[PDB]
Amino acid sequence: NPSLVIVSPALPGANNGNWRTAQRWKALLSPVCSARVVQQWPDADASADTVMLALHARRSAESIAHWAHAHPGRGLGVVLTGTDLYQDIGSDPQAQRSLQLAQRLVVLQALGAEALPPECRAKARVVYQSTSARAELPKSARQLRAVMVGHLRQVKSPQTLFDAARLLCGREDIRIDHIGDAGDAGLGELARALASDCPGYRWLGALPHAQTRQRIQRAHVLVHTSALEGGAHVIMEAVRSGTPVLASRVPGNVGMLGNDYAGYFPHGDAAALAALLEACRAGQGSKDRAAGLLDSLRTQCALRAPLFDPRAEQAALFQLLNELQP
């Protein structure tokens, strides 16, 4: 059986996407190979590795190079997690070199290969991520509770959420919970000042993943404003909890929710987001109502939900492994 090494830049045990992906892939591939996760390669155990899957064409570029030089033409998959595909590979030589050296390039939703140079598309492979489902909860019509989840950095465009919450500062019937570490400098100060001014907006800080999944499950709607995504875990998690999504219309989000999804706003457009939230609120009512925006979005998200089934991610990873060690 193959001996797979997964390279993740994330600090071990970190509560973020890069660590989550590596540990989940390890678990899904364990029945057909010996799999391990490292932050860099090689290490003492490198001689027995036969396949490498490396997350982020730039952050892992050094381990990717080490593998490519030790195993030219063989065994290397490079996973495009987001800022590499939608930023770095434009002009970062390290990210560009990882694209050339790889035997396969993994993108995390169907649109990802459009951002690759055309000479890299033949070796590109789509692997939708997966997450465990949660029962869809019945929810009250008395208030609209929205949540957004993302450690604060500029690529998450949290200012769109700040500005839309400000536009709704007077609305007692709408609540916005914001989950995520302070991160990029100054953004935490913006969240704190906004929560002090507008009681409907709460910045909860970073929360353990278990509690975050529960809050996504409880919310009426998840908002995601990012300038770019590889394929966001939190959108998956909402969809697989029966919670519909309002998302910025950028390729990483569109690949997750579908070209026909009715819950997009243009990136950076806080008034558009605020108006979608108002429409979600306006549509709320009793079991004897019909045809609210939230209900149309729930119907659409339910059609997306099978994309994020772990048995499906596993089968695609099995195929990927077979291609990297035939």
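Numbers follow the displayed sequence, beginning with 1.
S.K.: Would you determine, from the values in the PDB entry, which of 139-147 and 180-188 has the greater average C-alpha temperature factor?
M.R.: Stretch with the higher mean C-alpha B-factor: 180-188.
S.K.: Per the record, averaged over C-alpha atoms, which has the higher B-factor: 281-289 or 258-266?
M.R.: Of 281-289 and 258-266, the stretch with the higher C-alpha B-factor average is 281-289.
S.K.: Can you tell me which third, lowest, middle or highest, the CA B-factor of residue 171 falls into for its chain?
M.R.: It falls in the top third of the chain.
S.K.: Based on the entry's values, in what third of the chain does the Cα temperature factor of residue 305 lie: lowest, middle or highest?
M.R.: For residue 305, the deposited C-alpha B-factor lands in the middle third.
S.K.: By the record's CA B-factor, is residue 163 among the lowest, middle or highest third of residues in the chain?
M.R.: Its C-alpha B-factor belongs to the middle third of this chain's values.
S.K.: Going by the entry, which third of its chain does the Cα temperature factor of residue 232 land in?
M.R.: It falls in the middle third of the chain.
S.K.: Within this chain's modelled residues, let me know which third the CA B factor of residue 195 belongs to: lowest, middle or highest.
M.R.: Top third by C-alpha B-factor.
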